[PDB]
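Next comes just one chain, in C-alpha cells: the form solved without the ligand.
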C-alpha cells in the first residue's frame, strides 16, 4: 500500500493526547529543525524517528501516529513503548501553555504575535544528525540544506524501507562519514566546502575526541562547556554550536544569533549594543544579543526564539 493515512488504514494508527495548542506539526516539522520530514499526503508527515519510519497527523485533540514495520513484521498499531519515542522526540513533558504564559507575561510583543502562532516547540534530535545537518547549514537556504541532507543519507545511510517511490534511510554513522574518499563523494552531491567539514568533523570525533560518547555526554555538560567543546570541531562556529546545543543537547537557553535575530532585536525590541562599541554583528555583540534574550525570556529563551522565527519565515 505504501504511505498510510488516517482515513486509509485506521486500524494501524494509535493516538497521543496532544492539543494543537501544544504542537503544530506544520510549524515545527518543516521549519528548519529537522530536514528529514516530508508531507507525502496533505496533513500527514512521514520521517525517520528512533531508527524506524513514522507517519504523523493531528486532529484538534490528538496526535495520530503510525510506524512502518517492514516485511519482517505484520502490520500493528504502535506499541506504548514505540509511542513514548514520539513523546520523547517532541518533548511533550514541556508544556507550551505554561511557557507561552511566562513569555507573554514579561513581554508584551510576544503576547501579540504568539496568539497567532501556537504549538511551536523544539524537537529533541540525535546529536549526530543535528551536528552534520547544521554543518551543512552554513551559507545555505533550508531547501538546499534539505536536499544536501537527503542526498547525504541516501549515499551513506542504511536503507530502512521503501514506501511508494521513497526509500527511507537512517542518518549515517561517524564511521560512514569518516570513511575514505567521503569528501570527494559529498562534493559530487553538491555540498561544496561543507564536504570537507563533514569528513573532518566525523574523523575529529572518532580519531581525536574519543568517539560518539564524547558528543552524547555533552548533554550532561553545561551550555558553556558544551559550546566550547563543539567549537573545536571543523565547520562548527558560534551559530552552529548554539543550534546543536538547543536542538540536540538539551540547552533551552541557547540562542543562536544570526542577522534574522538582529532584524527582530531592532524592529521589535529596539535594541542597541552597550558593551561593544561596534554597532553591527560581531563575536562581542552576538554574545550580548544571546544574553539579552536569555535575560528577557529566561531559561527557555531558545524556544521563545523559535516562536518568533516561525512567525516570520
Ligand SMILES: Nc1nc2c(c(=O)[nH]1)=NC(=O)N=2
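Positions refer to the first chain, counted from 1.
Omitted here: the form deposited with the ligand bound. The next part is about that form.
Participant: Taking heavy atoms only, is residue 243 within 4.5 angstroms of the ligand in the deposited bound form?
Facilitator: Heavy-atom contact with the ligand at 4.5 Å: present for residue 243.
Participant: Should residue 151 be classed as touching the ligand in the deposited bound form when contacts are defined as heavy atoms within 4.5 Å?
Facilitator: Judged by the heavy-atom cut-off of 4.5 Å, residue 151 is well away from the ligand in the deposited bound form.
Participant: Any chance residue 31 has a heavy atom within 4.5 Å of the ligand in the deposited bound form?
Facilitator: Yes.
Participant: Please check if residue 77 has a heavy atom lying within 4.5 Å of any heavy atom of the ligand in the deposited bound form.
Facilitator: It does not: once the ligand is placed as it appears in the deposited bound form, residue 77 has no heavy atom within 4.5 Å of it.
Participant: Heavy atom within 4.5 Å of the ligand in the deposited bound form: which of 49, 63, 261, 248?
Facilitator: The residue from 49, 63, 261, 248 that makes the contact is 261.
Participant: Work out which of the listed stretches, 159-167, 205-213, 96-104, 235-243, brings a heavy atom within 4.5 angstroms of the ligand in the deposited bound form.
Facilitator: Stretch with heavy atoms near the partner: 235-243.
Participant: With the partner left out here, which residues of 280-313 have a non-hydrogen atom within 4.5 Å of the ligand in the deposited bound form?
Facilitator: The stretch touches the partner through 305, 309.
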